[PDB]
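Chemist:
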Amino acid sequence: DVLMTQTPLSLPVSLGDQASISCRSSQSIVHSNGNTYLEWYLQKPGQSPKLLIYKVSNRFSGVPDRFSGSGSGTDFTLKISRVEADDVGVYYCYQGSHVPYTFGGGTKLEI
Amino acid sequence: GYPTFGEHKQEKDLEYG
Amino acid sequence: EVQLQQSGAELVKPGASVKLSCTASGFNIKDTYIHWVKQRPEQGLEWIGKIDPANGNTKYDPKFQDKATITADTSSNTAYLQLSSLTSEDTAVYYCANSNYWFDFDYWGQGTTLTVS
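Residue numbers (the entry's author numbering), protein chains in the order written: chain L, 1 to 111; chain A, 207 to 223; chain H, 1 to 117.
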């Protein structure tokens, strides 16, 4: 059971600002393949989660380049270069390396 | 081929060959 | 691309068995994961299990296992989360996520609210 937490739990930013959400797991989430498969999902109020970032720094098709992850080991970072009102919502940090798979604590990104 | 038995889903497609 | 069309909100009583439906659209349901992810108001997001309808194969979080029985109507393309013998923990929103042609999963359902009076 790998516990993924996030800080802060709520991140107030301005329009067009750069957000940095700090996530940390309890154990290394490096896959046995040698790759790190860390995903970030955006869930908006009344909506289901949607994939924005996968494999740490890979961007899902249709996702603005404003989104990018970073970090390594247990300490990872969700970077968003251009946070708009359309980027408002709760971000989750999900690891698909250890069964059972686990999600992050959740950070509300808001303007 | 694949190096292991099991379902060969998208995630484990990097192991083809 | 990927569309997951879930059932709406249902309002039930405990000691019932309720199968929540997650309809695939735009894909055959045997080339991908069906995951169920639970979210109570008092929880974040909690992976239940997965079913690959293709050869019946399931993998579980032991905690919710055998409170949740995961099945699938294979040819009708609709996966089903059979939440059996309910307690207070079944009062939750369920999300149904679909395997990503990359390495994880792309797009999530619409939410099936199971409220237990």
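Using N, Cα and C, we set each Cβ at its ideal position, and we do this for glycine too.
Which same chain residues end up closer than 7 Å to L42(L) when comparing Cβ atoms and leaving out the 5 residues on each side of it in sequence?
Modeler: Position 42 of the first sequence, counted from the first residue, corresponds to residue 42(L). Cβ within range, chain order: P49, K50, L52, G89 and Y91.
Chemist: Which term fits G56(H), buried or exposed, when burial requires 16 or more other beta carbons within 10 angstroms of its beta carbon?
Modeler: As a working note, residue 56(H) is residue 56 in the third sequence. Exposed is the call here.
Chemist: By DSSP, does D104(H) sit in helix, in strand, or in coil?
Modeler: Taking the first residue of the third sequence as position 1, residue 104(H) is located at position 104. Coil.
Chemist: Run down chain A in chain order and give the residues with a C-beta less than 7 Å from the C-beta of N33(L).
Modeler: The sequence position of residue 33(L) within the first sequence is 33, counting from 1. Going along chain A in sequence order, the residues near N33(L) (Cβ under 7 Å) are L220.
Chemist: Residues of chain C with CB under 7 Å from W108(H), in chain order?
Modeler: No chain C is part of this structure, whose protein chains are labelled L, A and H.
Chemist: Return the residues of the region 24-56 of chain H that lie within a Cβ-Cβ distance of less than 9 Å from chain A, sorted by chain order.
Modeler: Within the region 24-56 of chain H, the residues whose Cβ lies closer than 9 Å to some Cβ of chain A are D31, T32, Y33, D52, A54 and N55, listed in chain order.
Chemist: Short check: CB of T115(H) to CB of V12(H), under 9 Å?
Modeler: For the purposes of this step, residue 115(H) is taken as the residue at position 115 of the third sequence. For the purposes of this step, residue 12(H) is taken as the residue at position 12 of the third sequence. Yes, Cβ-Cβ distance for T115(H) and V12(H) is below 9 Å.
Chemist: Can you list, in chain order, the residues of its chain with a C-beta nearer than 6 Å to that of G105(L)? Leave out the 5 residues immediately preceding and following it.
Modeler: To locate residue 105(L), count along the first sequence from 1; it is residue 105. Excluding residues within five positions, the ones whose Cβ falls inside 6 Å are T5 and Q6.
Chemist: If you draw a straight line from the alpha carbon of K67(H) to that of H98(L), how long is it in whole angstroms?
Modeler: For the purposes of this step, residue 67(H) is taken as the residue at position 67 of the third sequence. For the purposes of this step, residue 98(L) is taken as the residue at position 98 of the first sequence. Distance between the alpha carbons of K67(H) and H98(L) is about 22 Å.
Chemist: Distance check for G16(L) and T71(H), CA to CA, integer angstroms please.
Modeler: Along the third sequence, read from residue 1 onward, the residue named residue 71(H) stands at position 71. Along the first sequence, read from residue 1 onward, the residue named residue 16(L) stands at position 16. Straight-line Cα distance between these residues: approximately 45 Å.
Chemist: Since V2(H) contacts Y107(H) with CB under 8 Å, what's their CB separation in whole angstroms?
Modeler: As a first step, residue 2(H) is located in the third sequence; it is residue number 2 there, counting from the start. As a first step, residue 107(H) is located in the third sequence; it is residue number 107 there, counting from the start. Right, their Cβ atoms sit about 5 Å apart.
Chemist: Which term fits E217(A), buried or exposed, when burial requires 16 or more other beta carbons within 10 angstroms of its beta carbon?
Modeler: In the second sequence, the residue the question calls residue 217(A) occupies position 11. When all chains shown are included, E217(A) counts as buried.
Chemist: Please state whether DSSP places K38(H) in a helix, a strand or coil.
Modeler: Counting from one through the third sequence, the residue named residue 38(H) turns up at place 38. Strand at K38(H).
Chemist: At least one CB of chain H closer than 9 Å to the CB of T102(L): is that the case?
Modeler: Taking the first sequence and counting its residues from 1, one reaches residue 102(L) at position 102. For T102(L), the answer is yes, since a Cβ of chain H falls inside 9 Å of its Cβ.
Chemist: Going by DSSP, what residues sit across from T107(L) in a beta bridge?
Modeler: The residue you call residue 107(L) lines up with position 107 of the first sequence. In the DSSP output, where bridge partners are listed per residue, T107(L) has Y91(L).
Chemist: Give the single residue among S84(H), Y80(H) and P41(H) whose Cα lies nearest to the Cα of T58(H).
Modeler: Here residue 58(H) refers to the residue found at position 58 of the third sequence. If we check each option's Cα against that of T58(H), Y80(H) comes out closest.
Chemist: Nearest chain A C-beta to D73(H) closer than 9 Å, yes or no?
Modeler: Here the question's residue 73(H) lines up with position 73 in the third sequence. Not closer than 9 Å to any Cβ of chain A, the Cβ of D73(H) fails to qualify, so no.
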